[PDB]
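Below sits a lone chain in structure tokens, taken as the form deposited in one PDB entry.
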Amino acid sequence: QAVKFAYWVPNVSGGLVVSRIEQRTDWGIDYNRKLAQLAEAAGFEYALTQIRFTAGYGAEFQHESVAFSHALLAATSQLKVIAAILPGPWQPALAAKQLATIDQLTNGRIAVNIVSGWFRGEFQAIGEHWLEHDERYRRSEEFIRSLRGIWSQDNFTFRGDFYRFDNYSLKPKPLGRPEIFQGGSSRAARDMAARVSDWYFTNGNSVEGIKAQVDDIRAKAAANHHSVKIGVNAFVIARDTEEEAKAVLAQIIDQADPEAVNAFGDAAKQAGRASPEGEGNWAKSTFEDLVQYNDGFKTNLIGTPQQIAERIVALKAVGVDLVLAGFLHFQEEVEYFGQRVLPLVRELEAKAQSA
């Protein structure tokens, strides 16, 4: 019932914007250990670590998602860290066993974000074939069923089109039950979430755009007798005045790296625009939307703490269970969010309950 919060780990060297603007944010482990500790102290339940094999959207350097996640877990106590994984260059036997060992070493705090892929050139560079849009989701669904089965069954057998297991016994299994997240917003993504995943993570959007996705998932999940929760990306710019927050947004966009934005935008046509419906990630993103590379400005958590808290509660009303927050200057703004924004959300929630 209370809304949950995650933050994007800036393990990619350009932060969370495609922009030349000065940021007090770094992609190295030293910066990120302290940020994970600040996020835990601020009240964030999850950190989300993105997966790249090569540079895109202005991230010339990227730390590998699973090892980096392990290091963040080792530096924290209660924080849960979601390691992103792309089927193809990743296989599920290795993923299940590596995640299970990290879970055993971190008191049960690792999770996974299965992402089905859009950056074709990256796959080509690393010798992976490029499956059709919905076919990438068929494979991701077999990957998810494989993870859950390996972790839950003494002797797991799975006779898939992409993956096979035959009486496979993983030991040790995870300490508890790792949560499986997935990223993407196409019909194929919503279908998979309503079947196998614990969480559907989606790009930023208007309230109406989010409600449309939630309503489809809820109906499908109910018919499948499956439980799934909803998280939405938001690039949060909280400042003491609304004018200052809008001025920061304008600086970010004014300083956009246009060659990086356009190259990202071209590659992103292999996500939602390439699905049979032509709907999903980046299908309707302008140059200015792309400057936050998961459409995070659209969620409009930009203004005063009070405006942002009221907007978060309005997202709860259409079925959002978690806000996935990106920031410009991560350490100071995560701390500010915990001191100034999150307590206002909790007060609004207490007042709603007592009525």
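All residue numbers are counted from 1 along the displayed sequence. Only the largest set of C-alpha atoms that superpose within 1.5 Å between the two forms is called the rigid core.
Note that the form deposited in another entry isn't included here; everything after this is about it.
- Rigid core superposed between the shown form and the other one, residues 291, 308, 39, 325 considered: the one with a C-alpha shift of 2 Å or more is 291.
- Positional change of residue 341 between the shown form and the other one stays under 2 Å at the C-alpha, relative to the superposed core.
- Comparing the forms between the shown form and the other one on their rigid core, the Cα displacement of residue 9 stays under 2 Å.
- Distance between the C-alpha atoms of residue 37 and residue 293: longer in the other entry than here (change of 3 Å or more).
- Here's the thing about residue 179 and residue 16: their CA atoms end up at least 3 Å farther apart in the other entry than they are in this form.
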